[PDB]
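Numbered from 1 within each chain, the chains take letters A, B, ... in sequence-line order. Values reported hereafter were calculated over all heavy atoms of this structure, with side chains retained and with hydrogens, waters and symmetry mates removed.
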Amino acid sequence: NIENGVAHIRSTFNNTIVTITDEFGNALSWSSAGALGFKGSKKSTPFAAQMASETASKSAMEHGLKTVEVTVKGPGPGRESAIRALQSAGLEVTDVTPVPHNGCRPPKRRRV
Amino acid sequence: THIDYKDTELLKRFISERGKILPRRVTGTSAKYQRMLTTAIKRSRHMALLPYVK
Amino acid sequence: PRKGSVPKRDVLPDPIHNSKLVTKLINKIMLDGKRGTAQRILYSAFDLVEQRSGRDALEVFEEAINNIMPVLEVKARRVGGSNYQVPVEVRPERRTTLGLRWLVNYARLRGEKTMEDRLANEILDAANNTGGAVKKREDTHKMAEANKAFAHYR
Amino acid sequence: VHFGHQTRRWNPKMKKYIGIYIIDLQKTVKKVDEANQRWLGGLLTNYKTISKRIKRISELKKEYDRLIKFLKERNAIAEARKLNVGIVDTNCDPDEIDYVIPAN
RNA sequence: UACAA
RNA sequence: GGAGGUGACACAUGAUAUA
RNA sequence: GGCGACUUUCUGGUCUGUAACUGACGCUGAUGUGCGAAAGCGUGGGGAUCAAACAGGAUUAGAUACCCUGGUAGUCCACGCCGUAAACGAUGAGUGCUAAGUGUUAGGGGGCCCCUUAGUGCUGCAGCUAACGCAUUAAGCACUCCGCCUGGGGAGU
Ligand SMILES: [Mg+2]
Ligand SMILES: [Mg+2]
Ligand SMILES: [Mg+2]
Ligand SMILES: [Mg+2]
Ligand SMILES: [Mg+2]
Ligand SMILES: [Mg+2]
Ligand SMILES: [Mg+2]
Ligand SMILES: [Mg+2]
Ligand SMILES: [Mg+2]
Ligand SMILES: [Mg+2]
Ligand SMILES: [Mg+2]
Ligand SMILES: [Mg+2]
């Protein structure tokens, strides 16, 4: 039984991943678009992200979690959908996208 | 006047809510003042008087 | 068309059941402008329905049509190298069109000898949530919910 | 009638005639002794055609309403300067005026 | 059109 | 309105002159 | 060519004002001598990221590619070498003269504005231009010196 928690959202252009934990960082339940049998372009849709945070939150509340914080990441479109649905699963809502200070060289641009 | 890196209260006025140095087109400072401002803020960040990223 | 929408034509209610939906059904039945044959089939089918079911033919026919009319459809779309079947909501006037079209089309494929027999059995079947026209609606929803992720296209 | 346009737009050839610039009132008086609708292109250089419209105006209601209304001035000067008097403000070119009045 | 194949 | 910086599936080929 | 976290040390140049000083001591510059992006080479270190070659997976009629997953040299440092780029403003250097308007960088003088130096931009006369355009940062008007050109290909062989 844990009541205070943190919800991590990792939304990219290929997949949305949600991990729920306390403030101590130890996870309790996670889901993703792939865990719901979505493949490819389906795995990145904003609708398909909400089906993942809803699944994740229901498992964390089963442990007894009521208040969870939000840490969002990535430019994936499944950001509002995965965050609003956090408040839509009986969870009380009380940006961590890594930016470098000019560090490592990024890969070459794609000539599609 | 010469800007001191110890004067954190004056410096905080020119940083943003994430600790970023504010552009001079926003604060209205002149070019030479903004250069002195930038050196003092970077000095003060090193001495932990001001944050890098909050 | 490119310019815009075109006004639609009203129809008269049928003389027996005072129903515009019944008139539209006769037009779907009708081939080559032969309206008398289409009316004869429709009214004979409704007599078969009323006695094989025990209820009013019109009341059974509205139940049957409600089980054929779809709420969601799929639309073809070209999206940069991948055709996507976008699910859309069927407008109320198109719902009646598809309900009547599927009812007649799948009554024509049945094995009863006369069309009045085939139409009456399709209506009785669709009023029990079975038959070819109800299955066709089910497969349309089954194609749509398999693409409800693609609702974000237009 | 002697306050010209703003300094940031004054032509350099009006220095003798000239915050904002104030015209030469003293010089305009000595110059004044020496001296409403759109201007159609070719009013003077195409009188071989305009006069037909002038004649056709004298001699339909839709045309006449605009014709009566008809029959900044750079078009007019060219029609005259090319054929070989006017108020000339600071922003206006004085070198193309035979009788320039340097009044606002 | 005159050619080429 | 016009410039300068900034950023952002697949589709092969078609003889010579004269035209 | 290039140079972007901050600190110290060593060190080059420029700009403004002044008018102590020297008194034409200047300009240009063949030959020469140096500096010179990136790739590359040698010796020795280092090796996160990225990534020629390469491997696999795709696509395709084929795909020695473009896309994906990896990945070596290399990318980094020191010391040598190499001496080339659309090394571009495709505009050699010096000096003076020739409308204006308007931003901006570093100063000075006077009453935020006016004047004035030196840079850096835009617009725009005269003039120039084949045109595009240039136009006090000239591609205008002049004098000095240097480099270079003389149809295309062959061939920068
Ligand atoms: Mg200096
Ligand atoms: Mg020299
Ligand atoms: Mg030489
Ligand atoms: Mg190198
Ligand atoms: Mg690769
Ligand atoms: Mg090496
Ligand atoms: Mg070296
Ligand atoms: Mg050259
Ligand atoms: Mg020169
Ligand atoms: Mg000169
Ligand atoms: Mg110009
Ligand atoms: Mg200047």
Please give the distance between the [atom1] atoms of [N] and [M] as a whole number of Å.
N: G:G57; M: F:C11; atom1: P; result: 22 Å
N: G:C68; M: G:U59; atom1: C1'; result: 11 Å
N: F:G4; M: G:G124; atom1: P; result: 14 Å
N: G:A142; M: G:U84; atom1: P; result: 38 Å
N: G:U16; M: G:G107; atom1: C1'; result: 5 Å

Rounding to a whole Å, what distance do you find between [X]:[atom1] and [N]:[atom2]?
X: A:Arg105; N: G:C76; atom1: CZ; atom2: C1'; value: 13 Å
X: B:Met36; N: G:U105; atom1: CE; atom2: P; value: 14 Å
X: B:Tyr33; N: G:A106; atom1: OH; atom2: P; value: 15 Å
X: B:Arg25; N: F:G5; atom1: CZ; atom2: P; value: 20 Å
X: A:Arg109; N: G:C50; atom1: CZ; atom2: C1'; value: 11 Å
X: A:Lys108; N: G:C67; atom1: NZ; atom2: P; value: 6 Å
X: A:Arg111; N: G:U59; atom1: CZ; atom2: P; value: 20 Å

Pairing defined as Watson-Crick or G-U wobble with both contacts under 3.5 Å. Yes or no for [N] and [M]?
N: G:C132; M: G:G103; value: no
N: G:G127; M: G:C134; value: yes
N: G:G44; M: G:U33; value: no
N: G:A30; M: G:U136; value: no
N: G:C81; M: G:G40; value: yes
N: G:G29; M: G:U137; value: no
N: G:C41; M: G:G80; value: yes
N: G:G32; M: G:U7; value: no
N: G:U95; M: G:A142; value: yes
N: G:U8; M: G:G46; value: no

Using a strict threshold of under 4.0 Å (side-chain N to carboxylate O), is an ion pair present between [Y] and [X]?
X: C:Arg91; Y: C:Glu93; result: no
X: B:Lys12; Y: B:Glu9; result: yes
X: C:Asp125; Y: C:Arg110; result: yes
X: C:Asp117; Y: C:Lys113; result: no

In this structure, are [M] and [N] stacked, using the six-membered base rings with centres under 5.5 Å and planes under 30°?
N: F:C11; M: F:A12; value: no
N: G:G94; M: G:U95; value: yes
N: G:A99; M: G:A100; value: yes
N: G:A63; M: G:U64; value: no
N: G:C67; M: G:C68; value: yes

Under the 3.5 Å Watson-Crick or G-U criterion, the dot-bracket string of RNA chain F, with | for inter-strand pairs | ...............||..
Check the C1'-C2'-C3'-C4' sign on [N] and let me know if the sugar comes out north or south.
N: G:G109; answer: north
N: G:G89; answer: south
N: G:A63; answer: south
N: G:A39; answer: north
N: G:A58; answer: north

What nucleic acid atoms does B:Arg24 come within less than 4.0 Å of, heavy atoms only: base, sugar-phosphate, or nothing?
-> sugar-phosphate
Parallel, tilted or perpendicular, as decided by the 30° and 60° cut-offs, for the rings of B:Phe14 and B:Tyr33 = perpendicular
Which glycosidic conformation, syn or anti, is assigned to G:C25 if syn requires a torsion within 90° of zero?
-> syn
Where does G:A100 land, syn or anti, given syn is within 90° of 0?
-> anti
Do C:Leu103 and C:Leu25 come close enough that some side-chain heavy atom pair is under 4.5 Å?
-> yes
Show the numbers, then the answer: is there a side chain to side chain contact (heavy atoms under 4.5 Å, CB included) between A:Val72 and A:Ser11?
-> CA-CA 8 Å; A:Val72 108; A:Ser11 199; over 6 Å; no
Which nucleotides of nucleotides 2-11 of chain G have their base under 4.0 Å from a protein heavy atom (B), which only their sugar-phosphate (S), and which neither (-), written as one string 5' to 3'?
-> ---SSS----
Looking only at side chains, do C:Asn27 and C:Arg35 share a donor and an acceptor under 3.5 Å apart?
-> yes
Side chains of B:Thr38 and B:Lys42, donor plus acceptor under 3.5 Å | no
